[PDB]
file data_21.txt (compact mmCIF, C-alpha atoms)
# COMPACT_ATOMS: atom_id res chain seq x y z
CA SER A 1 -163.79 -17.77 -69.76
CA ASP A 2 -163.75 -14.36 -68.11
CA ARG A 3 -162.30 -12.99 -71.35
CA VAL A 4 -165.89 -12.67 -72.59
CA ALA A 5 -168.03 -9.87 -71.19
CA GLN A 6 -171.36 -8.17 -71.79
CA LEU A 7 -172.31 -4.69 -70.59
CA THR A 8 -176.04 -3.94 -70.82
CA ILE A 9 -177.43 -0.61 -69.62
CA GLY A 10 -180.46 1.18 -71.03
CA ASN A 11 -181.28 0.05 -74.56
CA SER A 12 -177.64 -0.69 -75.42
CA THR A 13 -175.37 -3.72 -75.20
CA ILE A 14 -171.62 -4.14 -75.71
CA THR A 15 -170.19 -7.62 -76.29
CA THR A 16 -166.51 -8.48 -76.26
CA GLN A 17 -164.68 -11.79 -76.57
CA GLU A 18 -161.08 -10.66 -75.91
CA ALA A 19 -161.09 -8.71 -72.65
CA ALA A 20 -159.34 -8.15 -69.35
CA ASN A 21 -161.31 -7.47 -66.15
CA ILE A 22 -163.41 -4.39 -65.46
CA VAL A 23 -161.64 -1.72 -63.42
CA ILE A 24 -163.78 -0.05 -60.76
CA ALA A 25 -161.99 3.21 -60.00
CA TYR A 26 -160.87 3.49 -56.34
CA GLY A 27 -163.06 0.49 -55.48
CA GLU A 28 -166.28 2.53 -55.60
CA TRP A 29 -169.43 2.13 -57.66
CA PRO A 30 -171.39 5.21 -58.78
CA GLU A 31 -174.28 6.22 -56.55
CA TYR A 32 -176.94 8.86 -56.13
CA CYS A 33 -176.30 11.67 -53.66
CA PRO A 34 -177.53 10.83 -50.13
CA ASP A 35 -179.39 13.22 -47.85
CA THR A 36 -176.42 13.72 -45.52
CA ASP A 37 -174.14 14.98 -48.30
CA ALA A 38 -176.69 17.06 -50.23
CA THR A 39 -177.06 20.81 -49.79
CA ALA A 40 -179.54 21.97 -52.46
CA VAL A 41 -183.14 21.74 -51.34
CA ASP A 42 -185.05 21.31 -54.62
CA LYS A 43 -185.96 17.84 -55.83
CA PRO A 44 -183.61 16.51 -58.54
CA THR A 45 -184.66 14.68 -61.69
CA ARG A 46 -183.42 11.17 -62.50
CA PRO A 47 -184.34 10.08 -66.07
CA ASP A 48 -182.73 6.64 -65.51
CA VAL A 49 -183.00 5.20 -69.05
CA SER A 50 -182.79 8.04 -71.57
CA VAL A 51 -179.55 9.31 -70.00
CA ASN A 52 -178.04 6.10 -68.53
CA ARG A 53 -177.07 4.37 -71.77
CA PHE A 54 -174.02 3.81 -73.94
CA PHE A 55 -172.89 6.69 -76.15
CA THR A 56 -170.44 6.16 -79.02
CA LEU A 57 -168.20 9.06 -80.03
CA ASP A 58 -166.14 9.67 -83.16
CA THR A 59 -163.38 7.28 -84.21
CA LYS A 60 -159.64 7.96 -84.30
CA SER A 61 -157.04 6.38 -86.57
CA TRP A 62 -153.97 4.81 -84.96
CA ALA A 63 -150.99 5.54 -87.21
CA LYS A 64 -147.37 4.53 -86.76
CA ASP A 65 -146.41 7.94 -85.31
CA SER A 66 -149.48 8.86 -83.26
CA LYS A 67 -148.89 10.86 -80.09
CA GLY A 68 -152.14 10.26 -78.21
CA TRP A 69 -155.63 11.65 -77.64
CA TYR A 70 -157.66 13.01 -74.75
CA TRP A 71 -161.32 13.66 -73.99
CA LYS A 72 -162.97 15.71 -71.24
CA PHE A 73 -165.93 14.57 -69.16
CA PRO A 74 -168.84 15.33 -69.25
CA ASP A 75 -167.96 17.79 -72.01
CA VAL A 76 -168.10 14.97 -74.58
CA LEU A 77 -171.85 14.50 -74.01
CA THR A 78 -173.19 18.04 -73.51
CA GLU A 79 -174.56 18.14 -77.09
CA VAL A 80 -175.54 14.47 -77.47
CA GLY A 81 -178.98 12.99 -76.88
CA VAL A 82 -181.25 13.53 -73.89
CA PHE A 83 -178.18 13.82 -71.62
CA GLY A 84 -177.09 16.89 -73.57
CA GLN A 85 -180.52 18.47 -73.15
CA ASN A 86 -180.74 17.84 -69.41
CA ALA A 87 -177.27 19.34 -68.98
CA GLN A 88 -178.33 22.55 -70.75
CA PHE A 89 -181.70 23.05 -69.04
CA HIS A 90 -180.35 22.42 -65.53
CA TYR A 91 -177.76 24.25 -63.47
CA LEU A 92 -176.43 21.28 -61.47
CA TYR A 93 -175.49 17.78 -62.58
CA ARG A 94 -173.99 14.68 -60.91
CA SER A 95 -173.10 11.34 -62.41
CA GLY A 96 -170.62 8.53 -62.75
CA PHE A 97 -169.37 6.97 -65.97
CA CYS A 98 -168.53 3.66 -67.62
CA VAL A 99 -165.80 4.15 -70.23
CA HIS A 100 -165.12 1.53 -72.91
CA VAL A 101 -162.33 1.88 -75.50
CA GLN A 102 -162.22 -0.48 -78.49
CA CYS A 103 -159.24 -1.28 -80.73
CA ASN A 104 -158.92 -4.56 -82.63
CA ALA A 105 -156.15 -5.78 -84.92
CA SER A 106 -154.92 -9.08 -86.30
CA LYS A 107 -152.51 -11.59 -84.74
CA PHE A 108 -149.70 -10.20 -86.91
CA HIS A 109 -149.95 -6.65 -85.52
CA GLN A 110 -148.25 -5.32 -82.41
CA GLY A 111 -148.62 -2.31 -80.16
CA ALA A 112 -149.84 -1.22 -76.76
CA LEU A 113 -152.09 1.62 -75.63
CA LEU A 114 -152.39 3.01 -72.11
CA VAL A 115 -155.99 3.99 -71.30
CA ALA A 116 -156.10 6.07 -68.12
CA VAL A 117 -158.55 8.30 -66.25
CA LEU A 118 -157.03 11.43 -64.69
CA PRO A 119 -159.33 13.59 -62.53
CA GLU A 120 -158.91 17.38 -62.78
CA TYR A 121 -156.74 17.22 -65.89
CA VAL A 122 -155.56 20.83 -66.05
CA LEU A 123 -153.58 21.60 -69.20
CA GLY A 124 -150.49 23.77 -69.51
CA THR A 125 -148.67 25.41 -72.39
CA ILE A 126 -145.06 25.56 -73.55
CA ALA A 127 -145.01 29.18 -72.26
CA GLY A 128 -143.92 30.56 -75.62
CA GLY A 129 -141.11 28.02 -75.83
CA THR A 130 -138.56 30.09 -73.93
CA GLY A 131 -140.65 30.11 -70.75
CA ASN A 132 -141.20 33.86 -70.62
CA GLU A 133 -144.78 34.10 -71.94
CA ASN A 134 -147.68 33.48 -69.56
CA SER A 135 -149.69 31.68 -72.23
CA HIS A 136 -153.00 29.93 -71.67
CA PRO A 137 -154.66 27.14 -73.67
CA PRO A 138 -157.63 28.11 -75.87
CA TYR A 139 -161.22 27.08 -75.28
CA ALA A 140 -161.12 24.49 -78.08
CA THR A 141 -158.14 22.86 -76.33
CA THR A 142 -159.47 22.70 -72.76
CA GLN A 143 -162.95 21.53 -73.85
CA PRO A 144 -162.64 19.83 -77.26
CA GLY A 145 -166.12 18.28 -77.28
CA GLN A 146 -166.97 14.79 -78.48
CA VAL A 147 -164.22 14.90 -81.12
CA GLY A 148 -161.33 15.23 -78.70
CA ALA A 149 -157.85 16.67 -79.13
CA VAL A 150 -154.34 15.43 -79.83
CA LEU A 151 -151.53 15.54 -77.29
CA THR A 152 -148.59 17.70 -78.35
CA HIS A 153 -146.02 16.55 -75.77
CA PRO A 154 -147.29 13.18 -74.49
CA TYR A 155 -144.14 12.53 -72.42
CA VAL A 156 -145.17 15.30 -70.00
CA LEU A 157 -148.94 14.83 -70.71
CA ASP A 158 -149.09 18.55 -71.72
CA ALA A 159 -149.12 19.43 -68.00
CA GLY A 160 -145.55 18.92 -66.76
CA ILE A 161 -146.19 15.50 -65.19
CA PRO A 162 -144.59 12.32 -66.57
CA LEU A 163 -146.36 9.55 -68.45
CA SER A 164 -144.34 6.91 -66.58
CA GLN A 165 -146.35 7.32 -63.38
CA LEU A 166 -149.77 7.78 -64.98
CA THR A 167 -150.53 4.22 -63.81
CA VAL A 168 -151.11 5.56 -60.28
CA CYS A 169 -154.52 6.54 -61.73
CA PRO A 170 -157.20 3.97 -62.62
CA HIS A 171 -156.09 2.49 -65.91
CA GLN A 172 -155.99 -0.48 -68.26
CA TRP A 173 -153.83 -1.49 -71.21
CA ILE A 174 -154.84 -2.54 -74.71
CA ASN A 175 -152.06 -4.92 -75.73
CA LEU A 176 -152.81 -6.09 -79.26
CA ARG A 177 -151.63 -9.67 -78.66
CA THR A 178 -153.79 -10.00 -75.52
CA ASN A 179 -157.04 -7.99 -75.61
CA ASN A 180 -158.92 -5.53 -77.80
CA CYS A 181 -160.82 -3.49 -75.21
CA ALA A 182 -160.49 -1.65 -71.90
CA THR A 183 -163.26 -0.87 -69.42
CA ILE A 184 -163.14 1.53 -66.46
CA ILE A 185 -166.12 2.37 -64.23
CA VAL A 186 -165.67 5.82 -62.69
CA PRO A 187 -167.68 7.22 -59.75
CA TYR A 188 -168.44 10.88 -59.16
CA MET A 189 -165.39 12.68 -57.75
CA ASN A 190 -165.65 16.31 -56.64
CA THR A 191 -165.35 18.54 -53.60
CA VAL A 192 -169.06 19.42 -54.00
CA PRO A 193 -172.06 17.05 -54.36
CA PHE A 194 -173.36 18.75 -57.53
CA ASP A 195 -171.63 20.97 -60.07
CA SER A 196 -172.09 22.62 -63.45
CA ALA A 197 -171.75 20.52 -66.60
CA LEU A 198 -170.74 23.43 -68.85
CA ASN A 199 -168.15 25.07 -66.58
CA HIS A 200 -166.39 22.15 -64.88
CA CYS A 201 -164.85 18.91 -66.13
CA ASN A 202 -164.44 16.14 -63.57
CA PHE A 203 -161.88 13.92 -65.28
CA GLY A 204 -160.04 13.39 -68.52
CA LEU A 205 -159.61 10.14 -70.45
CA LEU A 206 -156.14 9.64 -71.94
CA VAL A 207 -155.33 7.10 -74.67
CA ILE A 208 -151.59 7.07 -75.40
CA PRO A 209 -149.59 4.54 -77.47
CA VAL A 210 -146.64 3.58 -75.27
CA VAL A 211 -145.42 0.85 -77.61
CA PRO A 212 -145.93 2.09 -81.19
CA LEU A 213 -148.00 0.29 -83.79
CA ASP A 214 -146.11 -2.00 -86.16
CA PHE A 215 -146.97 -4.41 -88.97
CA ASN A 216 -145.54 -5.62 -92.25
CA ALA A 217 -146.53 -4.22 -95.63
CA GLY A 218 -149.60 -5.99 -96.99
CA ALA A 219 -151.57 -6.16 -93.75
CA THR A 220 -154.36 -3.73 -92.88
CA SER A 221 -152.95 -0.26 -92.20
CA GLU A 222 -156.21 1.34 -91.02
CA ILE A 223 -156.38 0.54 -87.29
CA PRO A 224 -159.14 2.62 -85.66
CA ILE A 225 -159.85 3.43 -81.99
CA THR A 226 -163.43 3.93 -80.78
CA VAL A 227 -164.60 5.27 -77.40
CA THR A 228 -168.01 4.31 -75.99
CA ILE A 229 -169.21 5.83 -72.71
CA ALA A 230 -172.25 5.60 -70.45
CA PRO A 231 -173.51 7.78 -67.58
CA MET A 232 -174.52 5.69 -64.60
CA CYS A 233 -176.47 7.59 -61.91
CA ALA A 234 -177.17 10.89 -63.64
CA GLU A 235 -178.98 13.52 -61.55
CA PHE A 236 -179.95 17.05 -62.55
CA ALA A 237 -181.16 20.01 -60.50
CA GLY A 238 -181.71 23.74 -60.86
CA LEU A 239 -184.10 23.92 -63.80
CA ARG A 240 -184.00 27.05 -65.97
CA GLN A 241 -183.94 27.94 -69.67
CA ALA A 242 -181.43 26.20 -71.93
CA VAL A 243 -177.84 27.46 -71.74
CA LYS A 244 -175.40 26.02 -74.26
CA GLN A 245 -172.18 27.40 -72.75
CA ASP B 1 -215.76 41.07 1.66
CA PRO B 2 -218.27 43.86 1.09
CA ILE B 3 -216.60 45.20 -2.08
CA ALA B 4 -216.33 42.71 -4.93
CA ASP B 5 -214.12 44.53 -7.44
CA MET B 6 -211.22 44.75 -4.96
CA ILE B 7 -210.78 40.95 -5.12
CA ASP B 8 -209.16 41.00 -8.63
CA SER B 9 -195.68 36.38 -22.58
CA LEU B 10 -196.20 34.80 -25.99
CA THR B 11 -192.96 33.02 -26.88
CA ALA B 12 -190.24 30.92 -25.22
CA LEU B 13 -186.60 30.00 -25.82
CA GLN B 14 -185.23 26.85 -27.43
CA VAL B 15 -181.72 25.55 -28.07
CA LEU B 16 -181.02 25.30 -31.82
CA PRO B 17 -177.39 24.29 -32.40
CA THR B 18 -177.83 23.69 -36.14
CA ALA B 19 -179.94 25.12 -38.93
CA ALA B 20 -183.27 23.55 -39.79
CA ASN B 21 -183.63 20.42 -41.89
CA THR B 22 -185.68 20.27 -45.08
CA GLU B 23 -188.41 17.65 -45.49
CA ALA B 24 -189.38 16.03 -48.77
CA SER B 25 -192.62 17.19 -50.36
CA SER B 26 -194.80 16.45 -53.38
CA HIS B 27 -197.35 18.38 -55.41
CA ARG B 28 -200.53 19.84 -53.92
CA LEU B 29 -203.77 20.79 -55.69
CA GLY B 30 -206.85 22.00 -53.85
CA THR B 31 -208.89 24.89 -52.54
CA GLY B 32 -208.88 26.66 -49.18
CA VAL B 33 -205.24 25.97 -48.32
CA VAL B 34 -203.08 28.83 -49.64
CA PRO B 35 -199.72 29.10 -47.79
CA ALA B 36 -198.21 31.50 -50.36
CA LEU B 37 -200.68 34.38 -49.86
CA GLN B 38 -199.69 36.59 -46.94
CA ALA B 39 -200.71 39.83 -45.23
CA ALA B 40 -197.80 42.18 -44.53
call {"tool": "encode", "arguments": {"input": "data_21.txt", "output": "C-alpha cells"}}
result
Amino acid sequence: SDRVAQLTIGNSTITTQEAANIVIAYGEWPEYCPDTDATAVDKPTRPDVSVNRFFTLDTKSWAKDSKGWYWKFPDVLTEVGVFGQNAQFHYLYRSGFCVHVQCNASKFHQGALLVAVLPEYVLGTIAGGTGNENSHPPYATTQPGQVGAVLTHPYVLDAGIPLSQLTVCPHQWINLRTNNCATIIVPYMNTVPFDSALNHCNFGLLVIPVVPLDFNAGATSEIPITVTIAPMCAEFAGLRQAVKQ
Amino acid sequence: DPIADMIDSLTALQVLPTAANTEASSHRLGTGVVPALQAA
C-alpha cells in the first residue's frame, strides 16, 4: 500500500495510485542557505507559498518512434507565475525542485521510459557531420523554455555520453505494466550558494523511451506525457528592475 | 620648591586574521539618529 502517494505543497495536491517510491537525489533534502555558506550580505526574500507550489508544463505525445525530450531548470519556470516574476526582478536565486512525470496507459499497452536528472547538461553538436565545423547549439536549443526540445541522437544524449550509464544519475523508470508516474526530489547543486536564473541552468530532466511504445490496432493511440514540477526552498536576492533575459 | 611652574596616542593594534562578519538587521524609523550623513 505504498503504491499510493500524495504530494501536497502550497495550494496544490498530486494524487497517484500506481507509483514506485520517491527518489531523493544524493540522499539530500532541499534547504535554505546557512550563514556559514552564504557570501552576499543583503537579506534574501522567501515567498514560501506563491513560489513553492506545483507547476504543470505542456504535454508531449508518446508515439511509436519518439526519440526523447529534455527540459532545463529553472529555465522552464522563468516566465510562469510569481516564481517567474521573482526570477526577473532579482539577480540571485537558489532553490531545490520536486519533479513529477505522469504517463498512464492501459493494461494492454507496453513500453518503458527512463526519467533522469543530469546536472550541468551541456549540449554538443554533430560538428557539421564530418567533424570539421566548430558548431554551437542555438539559444532555442540550450534553453527551450517550458515547452522543451526533442533529442536528435538519444543514444549519445546529444553530448557524446552514452544512454546506457545515465542511471548513475538520480532516476526512475515508468514501466507501463508497473507504474504510471516517477518522482525525484532534487536539492540545490552548484559551486556557488546563489546564482542567476536567466544565465545558468542547474540540471536537465531527460525523458527517453528505452523500450518503445507498442499496442494493437483498436486501442488508444494518443498516449501523452505530462511534467509537473515544484520549487522547494526558493530564495531570491539582489533586487533590481525586471530583466527578462 | 619656591618656583611652582618648574614642577610640571589615540589608537592601538589588534590581531584580525579574517575579515569582519556581518550582523542581521531590520528596518529603522526615527529622528536624531542619522548614520548615513557624514562630514568629509
call {"tool": "interface_residues", "arguments": {"input": "data_21.txt", "of": "chain B", "to": "chain A", "cutoff": "10 Å", "atoms": "only C-alpha atoms", "output": "ChimeraX atom specification"}}
result
/B:21-26
call {"tool": "residues_around", "arguments": {"input": "data_21.txt", "residues": "range 68-77 of chain A", "least_positions_apart": "3", "cutoff": "7 Å", "atoms": "all atoms listed in the file", "output": "ChimeraX atom specification"}}
result
/A:80,83-84,143,145-146,148-151,154,197,201-209
call {"tool": "residues_near_point", "arguments": {"input": "data_21.txt", "point": "(-185.9, 15.2, -59.5)", "cutoff": "7 Å", "atoms": "only C-alpha atoms", "output": "list in words"}}
result
residues 43, 44, 45, 46, 236 and 237 of chain A
call {"tool": "atom_distance", "arguments": {"input": "data_21.txt", "atom1": "CA of residue 60 in chain A", "atom2": "CA of residue 24 in chain A"}}
result
25.2 Å
call {"tool": "atom_distance", "arguments": {"input": "data_21.txt", "atom1": "CA of residue 193 in chain A", "atom2": "CA of residue 52 in chain A"}}
result
18.9 Å
call {"tool": "residues_near_point", "arguments": {"input": "data_21.txt", "point": "(-145.6, 3.2, -72.5)", "cutoff": "9 Å", "atoms": "only C-alpha atoms", "output": "PyMOL selection string"}}
result
chain A and resi 112-114+163-164+208-212
call {"tool": "write_last_selection", "arguments": {"input": "data_21.txt", "atoms": "C-alpha atoms", "output": "short mmCIF file (atom, residue, chain, number, x, y, z; two decimals), keeping the file's coordinate frame"}}
result
data_model
loop_
_atom_site.label_atom_id
_atom_site.label_comp_id
_atom_site.auth_asym_id
_atom_site.auth_seq_id
_atom_site.Cartn_x
_atom_site.Cartn_y
_atom_site.Cartn_z
CA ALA A 112 -149.84 -1.22 -76.76
CA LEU A 113 -152.09 1.62 -75.63
CA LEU A 114 -152.39 3.01 -72.11
CA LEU A 163 -146.36 9.55 -68.45
CA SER A 164 -144.34 6.91 -66.58
CA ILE A 208 -151.59 7.07 -75.40
CA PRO A 209 -149.59 4.54 -77.47
CA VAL A 210 -146.64 3.58 -75.27
CA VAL A 211 -145.42 0.85 -77.61
CA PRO A 212 -145.93 2.09 -81.19
#
call {"tool": "decode", "arguments": {"input": "data_21.txt", "residues": "range 8-40 of chain B", "atoms": "C-alpha atoms", "output": "PDB file, in the first residue's frame"}}
result
ATOM      1  CA  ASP B   8      55.289  70.203  35.563  1.00  0.00           C
ATOM      2  CA  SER B   9      48.495  58.074  21.274  1.00  0.00           C
ATOM      3  CA  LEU B  10      44.931  57.522  20.078  1.00  0.00           C
ATOM      4  CA  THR B  11      44.787  54.003  18.633  1.00  0.00           C
ATOM      5  CA  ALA B  12      46.147  50.516  19.330  1.00  0.00           C
ATOM      6  CA  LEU B  13      46.830  47.302  17.418  1.00  0.00           C
ATOM      7  CA  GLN B  14      44.645  44.211  17.204  1.00  0.00           C
ATOM      8  CA  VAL B  15      45.043  40.827  15.529  1.00  0.00           C
ATOM      9  CA  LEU B  16      42.445  40.344  12.773  1.00  0.00           C
ATOM     10  CA  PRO B  17      43.094  37.070  10.926  1.00  0.00           C
ATOM     11  CA  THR B  18      39.815  37.161   8.978  1.00  0.00           C
ATOM     12  CA  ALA B  19      37.537  39.810   7.530  1.00  0.00           C
ATOM     13  CA  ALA B  20      34.646  41.155   9.569  1.00  0.00           C
ATOM     14  CA  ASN B  21      31.344  39.340   9.953  1.00  0.00           C
ATOM     15  CA  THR B  22      28.000  40.868   9.015  1.00  0.00           C
ATOM     16  CA  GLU B  23      25.177  41.025  11.560  1.00  0.00           C
ATOM     17  CA  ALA B  24      21.496  40.762  10.724  1.00  0.00           C
ATOM     18  CA  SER B  25      19.483  43.975  10.837  1.00  0.00           C
ATOM     19  CA  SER B  26      15.907  45.170  10.376  1.00  0.00           C
ATOM     20  CA  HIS B  27      14.263  48.453   9.432  1.00  0.00           C
ATOM     21  CA  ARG B  28      14.712  51.661  11.414  1.00  0.00           C
ATOM     22  CA  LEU B  29      12.466  54.737  11.508  1.00  0.00           C
ATOM     23  CA  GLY B  30      13.095  57.688  13.792  1.00  0.00           C
ATOM     24  CA  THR B  31      14.635  61.096  14.306  1.00  0.00           C
ATOM     25  CA  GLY B  32      18.027  62.146  15.643  1.00  0.00           C
ATOM     26  CA  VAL B  33      19.915  59.011  14.592  1.00  0.00           C
ATOM     27  CA  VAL B  34      21.329  59.520  11.081  1.00  0.00           C
ATOM     28  CA  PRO B  35      24.305  57.211  10.351  1.00  0.00           C
ATOM     29  CA  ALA B  36      24.277  57.939   6.594  1.00  0.00           C
ATOM     30  CA  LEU B  37      25.022  61.679   6.801  1.00  0.00           C
ATOM     31  CA  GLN B  38      28.750  62.360   7.088  1.00  0.00           C
ATOM     32  CA  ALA B  39      31.211  65.260   7.135  1.00  0.00           C
ATOM     33  CA  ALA B  40      34.192  64.774   4.831  1.00  0.00           C
TER      34      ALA B  40
END
